Amino acid sequence: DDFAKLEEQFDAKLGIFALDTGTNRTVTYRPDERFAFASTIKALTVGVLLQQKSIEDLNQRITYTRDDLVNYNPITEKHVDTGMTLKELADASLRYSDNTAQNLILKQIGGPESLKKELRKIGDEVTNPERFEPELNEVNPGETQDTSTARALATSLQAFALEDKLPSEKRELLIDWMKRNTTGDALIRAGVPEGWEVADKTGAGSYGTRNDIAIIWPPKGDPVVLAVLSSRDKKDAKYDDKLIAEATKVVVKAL
Ligand SMILES: *C(=O)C1=CN[C@@H](C(=O)O)C(C)(C)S1
Ligand SMILES: [Cl-]
């Protein structure tokens with residue numbers, strides 16, 4: 001088995017769920033195994049934001065201080081004095097994985113508990129958000145806090161991006177931001193053939209957790225929804241992006 005060999009090569013545990021929405025063909029490997037979701041939660045968080053906010057609501061300017069800044073603020077740290085609109089925060093969260101942006105958006109939808117309730121409402125009984133960034137990235141073996149599964153993350157991404165959980169213009173917004181992600185060049189994007197379009201959100205967490213969730217479009221026909229999650233034995237383990245790229249190639253061959 002190709003996934004098993006990847007786990008051996010990269011000394012990592014893999015979680016895979018892929019669905020061809022045109023055929024209902026799937027590729028799965030430990031699809032119900034829990035992993036820390038890390039920054040991938042940012043995608044579902046914008047999903048819920050878009051359920052609740054009108055387009056003009058996204059123009060609201062959010063003021064914050066140097067004190068609101070956490071550990072990874074590539075865009076937010078450059079706009080303390082002027083603030084950022086919710087739309088700009090969504091852009092920074094999704095495309096740069098800006099942690100302060102995620103936190104500010106989280107507050108707008110009522111925090112982790114509210115995020116969890118809204119995910120439960122769309123049929124996600126698995127994803128378990130409890131914390132803000134960056135604390136959420138740190139999950140110990142056996143814990144379910146701030147974890148989900150490949151199946152549940154893929155299904156929730158599918159719900160917001162492809163299904164009627166959002167109206168078409170809002171689905172388009174989410175997809176456009178994700179298509180233009182800056183952080184995923186070495187992951188799912190690196191494992192698809194030429195001509196395939198990718199809308200992804202990455203994550204990295206403790207125990208060398210390295211994730212990417214995506215909608216991918218072949219040149220012709222219906223989109224594929226894919227979650228590729230991974231973790232390792234040691235708390236301070238480094239990850240290798242190639243694991244995700246190679247796992248994606250396996251999924252592409254199998255479909
Ligand atoms: C999301 O998974 C992450 C976000 N921001 C950074 C952080 O330090 O928290 C990353 C290392 C990219 S992980
Ligand atoms: Cl990330």
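What the entry reports as its method is X-ray crystallography, with 1.65 Å given for the resolution.

Details of the environment of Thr-23
Tracing the backbone shows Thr-23 in the loop between strand 1 (13-20) and strand 2 (26-29). For the pair formed by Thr-23 and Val-224, sequence separation is 201 residues and the distance between their alpha carbons is 9.8 Å. Within the local environment of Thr-23, its side chain forms a polar contact with the backbone nitrogen of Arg-25, the two atoms lying 3.2 Å apart.

Comments concerning the environment of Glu-33
Among the structural elements, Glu-33 can be located in the loop between strand 2 and strand 3 (34-36). The spatial distance from the C-alpha of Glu-33 to the C-alpha of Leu-50 is 28 Å, given a sequence separation of 17 residues.

Some remarks on the site of ligand 1
Every residue lining ligand 1 is accounted for by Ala-38, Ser-39, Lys-42, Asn-71, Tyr-72, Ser-97, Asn-99, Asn-137, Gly-203 and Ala-204. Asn-99 places a polar side-chain atom, nitrogen or oxygen, 2.8 Å from an oxygen atom of ligand 1. Measuring from an oxygen atom of ligand 1, one finds a side-chain N or O atom of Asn-137 at 3.1 Å. Taking 330 Å² as the accessible area of ligand 1 by itself, protein coverage stands at 75%. Of the residues that constitute the shell around ligand 1, the class distribution is 3 nonpolar, 6 polar and 1 charged.

A few points about the pattern of salt bridges
Across all of its chains, the model carries 14 salt bridges by this definition. As a salt-bridge pair, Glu-197 and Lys-179 come within 3.0 Å of each other at their nearest N and O atoms. Linking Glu-197 in strand 7 (residues 197-205) with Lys-179 in helix 7 (residues 168-179), this pair joins segments that are 18 residues apart in sequence. Overall, the relative accessible area of 42% leaves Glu-197 in the partly exposed class. Connected through salt bridges with shared partners, the residues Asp-91, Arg-95, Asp-176 and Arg-180 form a single ionic network.

Considerations on the nonpolar core
Counting residues in hydrophobic clusters, the biggest one holds 51 residues, and the most contacted among them are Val-46, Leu-50, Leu-89, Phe-160, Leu-174 and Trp-177. Counting residues in each nonpolar core, the second largest holds 24 residues, with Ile-16, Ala-214, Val-250 and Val-251 among its members.

Some details on the packing of aromatic side chains
Tallying each qualifying case throughout the model produces 1 aromatic pair. Ring geometry for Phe-3 against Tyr-29: centres 5.3 Å apart, planes inclined by 40 degrees, an arrangement best described as tilted. Placement of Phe-3 in helix 1 (residues 2-10) and of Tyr-29 in strand 2 is noted, with a sequence separation of 26 residues between them. What makes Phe-3 buried here is its relative accessible area of 5%. For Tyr-29, a relative accessible area of 15% corresponds to the buried category. In this structure, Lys-13 packs its charged tip against the face of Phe-35, placed 5.3 Å from the ring centre. Above the ring of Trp-217, the side-chain terminus of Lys-179 is found at 5.3 Å from the ring centroid.

Overview of helix 8 (residues 242-254)
Here helix 8 contains 13 residues, and its C-alpha end-to-end distance of 18 Å stays within 8% of the 18 Å for a straight helix at 1.5 Å per residue. When we look at burial in helix 8, the residues that qualify are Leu-243, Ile-244, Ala-245, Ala-247, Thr-248, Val-250 and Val-251. In this fold, the buried residues of helix 8 make contact with helix 1, strand 1, strand 2, strand 8 (209-217) and strand 9 (224-231).

Let's talk about the sheet that holds strand 7
Taken in spatial order, the 5 strands line up as 2-1-9-8-7 in an open sheet, and their pairing is antiparallel. If you trace the sheet from one side to the other, it starts and ends with strand 2 and strand 7, each paired once. Each neighbouring strand pair of the sheet contributes to a mean axis angle of 10 degrees, computed without reference to strand direction. As judged from the 9 bridges shared by strand 7 and strand 8, these two strands associate in the antiparallel manner. Residue pairing in the sheet places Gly-203 in a bridge with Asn-211 of strand 8. Helix-sheet contacts for helix 8 involve strand 1, strand 2, strand 8 and strand 9, and the interaxial angle to strand 9 is about 140 degrees.

Parameters and conventions
- Residues numbered from 1 in each chain as written, not as in the entry; some residues may be left out.
- Chains lettered and ligands numbered in written order.
- Heavy atoms only, no water.
- Helix = DSSP H or I, 4+ residues; strand = E, 2+ residues; numbered from the N terminus.
- Polar contact = N/O pair within 3.5 Å; in protein donor to acceptor, adjacent residues only side chain to side chain.
- Near = heavy atom within 4 Å.
- Areas by Shrake-Rupley, 256 points an atom, 1.4 Å probe, with all protein chains shown as cover.
- Nonpolar A, V, L, I, M, F, W, Y, C, P; charged D, E, K, R; others polar.
- Salt bridge = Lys/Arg side-chain N within 4 Å of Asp/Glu carboxyl O.
- Buried < 20%, exposed > 50% of the residue type's maximum accessible area, 1.4 Å probe, protein only.
- Core = buried A, V, L, I, M, F, W, Y, C linked by side-chain atoms within 4.5 Å.
- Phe/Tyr/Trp six-rings, centres within 6.5 Å; stacked < 30°, edge-to-face > 60°.
- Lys NZ or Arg CZ within 6 Å of the ring centre and 35° of its normal.
- Expected span 1.5 Å × (residues − 1).
- Contact = heavy atoms within 4.5 Å.
- Pairing = 2+ DSSP bridges.
- Axes fitted to C-alpha atoms, helices over the stretch in contact; angles between N-to-C directions.

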